[PDB]
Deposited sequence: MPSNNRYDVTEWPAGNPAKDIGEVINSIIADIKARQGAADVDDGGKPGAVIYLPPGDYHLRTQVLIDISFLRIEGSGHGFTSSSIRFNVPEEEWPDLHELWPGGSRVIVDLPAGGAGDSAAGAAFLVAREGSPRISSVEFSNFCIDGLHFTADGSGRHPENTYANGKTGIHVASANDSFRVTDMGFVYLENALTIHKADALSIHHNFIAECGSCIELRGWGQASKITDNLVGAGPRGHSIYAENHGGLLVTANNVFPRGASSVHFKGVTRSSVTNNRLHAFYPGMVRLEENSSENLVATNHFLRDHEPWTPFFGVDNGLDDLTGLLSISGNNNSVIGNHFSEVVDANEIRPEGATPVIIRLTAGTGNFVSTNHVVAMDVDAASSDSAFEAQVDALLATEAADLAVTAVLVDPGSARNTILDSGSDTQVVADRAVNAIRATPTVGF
């Protein structure tokens, strides 16, 4: 009946090597489903079920058939980041130490496709289609030394990937997953009509990367947190991408990063970063809608990462655009920084920066900037919650919109006062937000 359970397969042992088990199942599917056109069918695929459990993967799973679903019964997330920064003598008193759910422990050596627990690859025609990953946990266990000289467990470096799709694909789904302690959670090349929906992708170096090219895809309703040298959501050479209803929290280098992305929408997300450069439209990213997002940029409050950042200064912008004919409408920006820590020394922080391109429409954006002392404490979630709720601050001067001379013929409306909008009025259409009074 094309239904498998990894705990009820005679070949191998999913505790020891679930990779071998799953590959054996896939070989069985292929052996049974050899003919493509028998009574209007023949290759319907299969479902592989992972009950809740701790499964070591020592052999990469190769998925090269369409319509394979791999499903579990728990996303299994717990903060290994918190646990590895608890003093080791206290570990025996903790209720648990590791992630759980339907848990795939990635025990591969470092790559980068070779370090992927699941590799989806098939060449030829048609494109591999409608593979589904649902409601299981992929755990890379540890981060290791890399010459950054953070403590090993804080480097976000292990060469491991959760799911890597190498080949052109159509109608794929990744839903309800948990990813933790992977250098790369989810990397999908050459995607068409993909949906990445309602996952929990956190404490990974990079979370979601859509590479090569793609079209007509969506990234929706995810909880996402990356590492300071990595991407939270990245896409390149995608057209018609929809990124919406995500809650992106620290500490990726950025929240959303586009290279050559066109005719797409980044709308209605909540985005929180500890560094500038939250949303980056780069390399001729054009005709995109960036609307009704909530941006917060503030200072890392947790001691283990307090001095760690992404190398970008406060002139970068929270939103940076290099490309034509984009639409930036109805966003909220909260810039909550220690004025003494602003870089370069004596700079006015920038919120929206247009570095290149023409015809960008920036309207009806509210910028709120305040000066607060940067505080540091060891207790992660208490420090995080307190910092979000603290509104004890002085108003801070900011540049709401900076139009560099290399970007022209833009339209900037109701997104700051005249002093807050730094731009050449002769070659841009600028309407300052109305001033208080008569």
Numbering the deposited sequence from 1, which residue ranges have no coordinates here?
-> 1-3, 115-118
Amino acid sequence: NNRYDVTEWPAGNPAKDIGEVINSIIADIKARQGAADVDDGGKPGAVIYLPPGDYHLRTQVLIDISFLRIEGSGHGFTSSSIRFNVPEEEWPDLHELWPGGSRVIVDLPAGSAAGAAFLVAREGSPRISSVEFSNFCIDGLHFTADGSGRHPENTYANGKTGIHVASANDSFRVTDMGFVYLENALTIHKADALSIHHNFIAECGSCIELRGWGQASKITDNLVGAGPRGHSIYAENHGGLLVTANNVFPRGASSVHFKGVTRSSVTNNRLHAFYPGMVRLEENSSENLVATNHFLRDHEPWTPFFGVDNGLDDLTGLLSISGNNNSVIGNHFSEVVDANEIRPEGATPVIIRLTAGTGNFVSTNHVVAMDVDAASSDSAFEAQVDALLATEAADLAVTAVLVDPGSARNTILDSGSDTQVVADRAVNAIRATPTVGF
From here on, numbers count along this sequence of modelled residues.
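Throughout, rigid core stands for the largest set of C-alpha atoms superposing within 1.5 Å between the two forms.
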Quick one: core-superposed, which stretch strays further from the shown model in 4 other deposited structures of this protein, 338-346 or 216-224? Go by RMS C-alpha distance.
-> 338-346
Quick note, superposing on core in 4 other deposited structures of this protein and taking C-alpha RMS, the more shifted stretch of 283-291 and 143-151 is 143-151
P99: absent from a third or more of the other PDB entries compared?
-> no
Should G111 be counted as unmodelled in at least a third of the other PDB entries compared?
-> yes
Stretch with the greater mean C-alpha B-factor as recorded in the entry, comparing 244-252 against 89-97 | 89-97
Greater mean Cα temperature factor according to the PDB record, 51-59 or 390-398 = 390-398
Checking the entry, which one of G330, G214, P152, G227 has the top C-alpha B factor?
-> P152
Options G307, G205, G72, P126 - largest CA temperature factor per the record = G307
Going by what the PDB entry lists, where does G260 fall on CA B-factor within its chain: lowest, middle or highest third?
-> middle
For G45, the third of its chain into which the C-alpha B factor falls | lowest
Relative C-alpha B-factor of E209, binned into the chain's lowest, middle or highest third = lowest
Give the position of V368 by CA B-factor within its chain, expressed as the lowest, middle or highest third.
-> middle
Third of chain Cα B-factors occupied by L271 = lowest
